[PDB]
Amino acid sequence: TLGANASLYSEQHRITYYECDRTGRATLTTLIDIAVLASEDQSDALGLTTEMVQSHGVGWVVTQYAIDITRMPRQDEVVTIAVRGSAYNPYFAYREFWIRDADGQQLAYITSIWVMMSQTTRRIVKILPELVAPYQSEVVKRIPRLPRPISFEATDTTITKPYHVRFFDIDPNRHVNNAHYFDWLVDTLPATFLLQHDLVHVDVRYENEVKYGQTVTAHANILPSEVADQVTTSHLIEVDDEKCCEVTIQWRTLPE
Amino acid sequence: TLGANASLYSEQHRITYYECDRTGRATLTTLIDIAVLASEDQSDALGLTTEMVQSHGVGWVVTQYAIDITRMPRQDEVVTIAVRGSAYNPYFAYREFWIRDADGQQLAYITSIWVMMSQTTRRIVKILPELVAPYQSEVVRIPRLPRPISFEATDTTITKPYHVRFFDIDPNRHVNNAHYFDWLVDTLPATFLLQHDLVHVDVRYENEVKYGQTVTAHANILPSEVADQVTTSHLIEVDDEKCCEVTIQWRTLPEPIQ
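Chains as they are written, first to last, in the deposited numbering: chain A, 3 to 258; chain B, 3 to 142, 144 to 261.
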C-alpha cells in the first residue's frame with residue numbers, strides 16, 4: 003500500500019459548540035481546521051515548523067482536497083485526527099488524514115495534494131527532500147490523482163452571494179485560511195437545503211489565492227444526480243471573474 | 003467580596019492557530035468562545051443543561067460584558083479558564099471569568115450580566131432560584148459595569164456592512180454573541196489592528212441579530228488620555244435599530260506586527 007511505512011501522527015480533539023453549526027455537528031471549516039492542526043503538530047514535532055520551512059525560501063500550498071464523509075463529528079465528541087505524509091514525487095506531496103471517533107470508527111477520510119511555492123519567485127519549485135524526508139514519505143513517479151471538481155458554469159438556478167475577506171480570515175502564516183472558503187461556499191446554499199441534507203463527499207481545487215480586503219463572489223448550482231437519495235452542488239469562488247476555488251459536494255437527502 | 007462562597011469551575015484549553023488572528027494571538031471571538039465553553043461545562047456538570055433550562059420555558063441571555071485584558075492567549079498556549087456564577091438579584095445574574103496562563107498569571111478577566119428571556123412571550127422574566135442554586139450564587144445589589152461610549156456618527160466614521168451567515172447560528176438555534184467581534188474588529192483596518200493590542204472591552208447587547216439580516220457595523224477611532232493608548236467606539240445595527248454597542252481600549256505598539 004502507498005505510504006504504509008510513512009509516519010502516522012495522531013492527536014485527540016474535543017469538538018466545541020463554536021466549531022459546530024446549528025445541528026450540533028462540526029462544519030467543513032472545522033474539519034479542515036482540525037486536519038491541518040494535526041499536520042502542523044506532526045511537522046512542529048519533527049522540527050518542520052512554519053519558521054524553519056520559511057527559512058528555506060519556500061512554503062507549502064494545498065492545491066486539492068478529496069473528502070469522504072461517513073458522519074460529521076458531533077458537539078463535545080472527542081475525535082482522533084491522524085495524519086500521514088504518504089508520498090511525494092519531484093513537484094507534488096500526497097498527504098492523508100483520518101478523523102475517527104473514540105472507538106476508532108472512521109468519521110471522515112481526507113486525501114490531498116500539496117506543492118512547494120517559492121517565497122521569492124512566487125512559482126512552484128521541486129520539493130526540497132529535507133522538508134519531506136522527516137515524514138518517512140514514499141517516493142513515487144506518479145502522484146495519486148484526486149477527482150477534479152465540476153468546472154463551474156452558470157445555470158438558470160445559479161445562487162450568487164458576495165463575501166468580503168475579513169481580518170480574522172488571515173491565519174498566523176499571513177495568508178487566508180483555506181478552511182474559511184467553506185464559510186462562503188456552504189452559506190451560498192439556503193438554510194432549508196443545509197438542514198435536510200448531510201455531507202457525503204467533497205472535491206476541492208484551489209486555483210488562485212484570495213487576499214485580505216478583496217470581495218469574493220461565491221457561486222452555487224444545485225444539480226441533479228444519478229445516485230438515488232443524493233444531490234450534487236457545484237461551487238465557484240472568484241474575484242473579478244478570475245477563478246480562485248472550485249468545489250463539488252455530494253449530499254444525501256434526509257427524510258424529515 | 004461579591005460571590006466569595008460561589009463555586010469555582012475550571013478547565014484547560016489549547017489555543018489553536020485557527021482560534022488566532024494573523025499575529026499568532028487569540029481573537030476576541032475566541033476569548034468569549036472559551037469563557038462561554040467553561041460556563042456551559044460548569045452548567046452541564048451540575049445538571050443545568052440547555053435542554054432542562056429550556057424545559058422551564060426560559061433561557062439565559064447575556065446583556066453585558068466588561069473585559070480587562072493583560073495579554074491575549076498565544077497560539078499553542080495551554081490556558082486555564084476559571085468561571086463562577088458569583089451572584090444574582092430578582093432579574094439580573096452576575097457571572098465572572100478568569101483566563102490564566104500555564105504558570106497561573108492572569109491573561110484576561112471578564113465580568114458579565116445575564117437575564118432570563120421567555121421562549122414563547124420573549125420578555126424579561128424573573129430568575130428561577132432552582133436554575134441558579136447549583137452554582138452557589140449569593141442573593142443580592145450588583146454594581147454597574149463600565150458602560151461603552153454612546154456611539155455618535157461623524158464625517159470620519161468607518162462603516163462596513165456584514166451579512167449574517169449560516170455558521171454564525173450555533174447549536175442552540177441563535178446567532179452566537181462571540182461572532183459580533185468578527186464584525187466589530189474587522190470594521191477597523193489591518194494597519195490599525197497590526198500595531199494595537201487589546202487592553203479593555205465593554206459590550207452592551209440591545210437586540211439579537213437573526214439569519215438573513217444584513218448588519219451595519221460602525222467605528223470611530225478616538226484619542227485617549229491614557230499613555231500609549233487609543234479608544235475605538237463601535238455600533239452594530241440592523242436597519243436603524245441598535246443591536247450591539249462596544250468601546251475598546253487599545254495599547255499602541257512601537258512597531259507594526261509583520
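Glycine is no exception: its CB is placed at the ideal position from the N, C-alpha and C atoms.
Looking only at 231(A), 239(A), 248(A), the smallest Cα-Cα distance to residue 258(A) is reached by 231(A).
Closer than 7 angstroms at the C-beta level to chain B, one finds these residues of the region 159-175 of chain A: 168, 169, 170, 172, 173, 174. Setting aside the 5 residues that flank it on each side, residue 182(B) is surrounded in the same chain by 171, each with a C-beta closer than 6 angstroms to its C-beta; the list follows chain order. By the Cβ neighbour-count rule, residue 150(B) is exposed, with fewer than 16 other Cβ atoms within 10 Å of its own. Judged by DSSP secondary structure, residue 165(B) falls within the beta strand (DSSP E) whose first and last residues are 161-166.
Its chain contains no residue whose beta carbon lies nearer than 6 angstroms to that of residue 20(A) once the 5 sequence neighbours on both sides are disregarded. Comparing alpha carbon positions, the residue from 43(B), 71(B), 7(B), 6(B) closest to residue 29(B) is 71(B). Distance check between residue 138(B) and each of 104(B), 191(B), 95(B) places 95(B) closest, using alpha-carbon atoms only. Between the C-alpha atoms of residue 176(B) and residue 192(A) there is a straight-line separation of about 15 angstroms. A contact is defined here as three or more CB-CB pairs under 8 angstroms, and the region 199-219 of chain B meets this definition with respect to the region 158-172 of chain B.
For the region 72-101 of chain A, the residues whose beta carbon sits under 9 angstroms from a beta carbon of chain B are, in order, 77, 78.
Per the coordinates, the alpha-carbon of residue 73(B) lies some 5 angstroms from the alpha-carbon of residue 109(B). Runs of the beta strand (DSSP E) spanning 3 or more residues and lying entirely within the region 147-235 of chain B occur at 161-166, 199-208, 217-226, in chain order.
Less than 8 angstroms separates the beta-carbon of residue 17(A) from that of residue 78(A). Only residues of its own chain outside the window of five on either side were considered, and among them 81, 82, 84, 108, 109 have a CB closer than 7 angstroms to the CB of residue 102(B), listed in chain order. Between the C-alpha atoms of residue 156(B) and residue 229(B) there is a straight-line separation of about 23 angstroms. Along the region 12-29 of chain B, the positions whose C-beta sits under 7 angstroms from a C-beta of chain A are 18, 19, 20, 22, 23, 24, 26, 29, read in chain order.
By the neighbour-count criterion, in which 16 or more other beta carbons inside 10 Å mark a residue as buried, residue 93(A) falls on the exposed side. In this structure, the beta-carbon distance from residue 142(A) to residue 68(A) does not fall below 8 angstroms.
The C-beta of residue 214(A) comes closer than 8 angstroms to at least one C-beta of chain B. A check of alpha carbon separations from residue 223(A) across 199(A), 210(A), 249(A) identifies 249(A) as the nearest. Under the 8 angstroms criterion on CB atoms, residue 219(A) is classed as non-interfacial with respect to chain B. Judged by DSSP in its simplified three-state form, residue 79(B) adopts coil rather than helix or strand. DSSP places residue 28(B) in the strand class (E or B) of the three-state scheme.
About 6 angstroms separates the Cβ atoms of residue 241(B) and residue 212(B), confirming a contact at the 8 angstroms cut-off. When 8 angstroms is used as the limit between beta carbons, residue 196(B) is near these residues of chain A: 169, in chain order. For residue 42(A), the C-beta contacts it makes with chain B under 7 angstroms involve 19, in order along the chain.
Contact with chain A is absent for residue 205(B), since none of that chain's Cβ atoms lies less than 8 angstroms from the residue's Cβ. Looking at the DSSP output, residue 237(B) shares a beta bridge with 222(B), 249(B).
Between the beta-carbon of residue 127(A) and that of residue 55(A) there is about 13 angstroms, and that puts the pair past the 8 angstroms contact cut. Cβ-Cβ distances below 7 angstroms link residue 134(A) to 87, 90, 95 in the same chain, with the five nearest sequence neighbours on each side left out; the list follows chain order.
Using a Cβ distance threshold of 8 angstroms, residue 50(A) and residue 136(A) count as a contacting pair. In the three-state reduction of the DSSP assignment, residue 113(A) falls in the strand class. Contact check for residue 208(B) against residue 65(B) passes: the beta carbons are separated by less than 8 angstroms. Inter-residue distance for residue 114(B) and residue 99(B) is about 9 angstroms (C-alpha atoms, whole angstroms). Inter-residue distance for residue 261(B) and residue 63(A) is about 20 angstroms (C-alpha atoms, whole angstroms).
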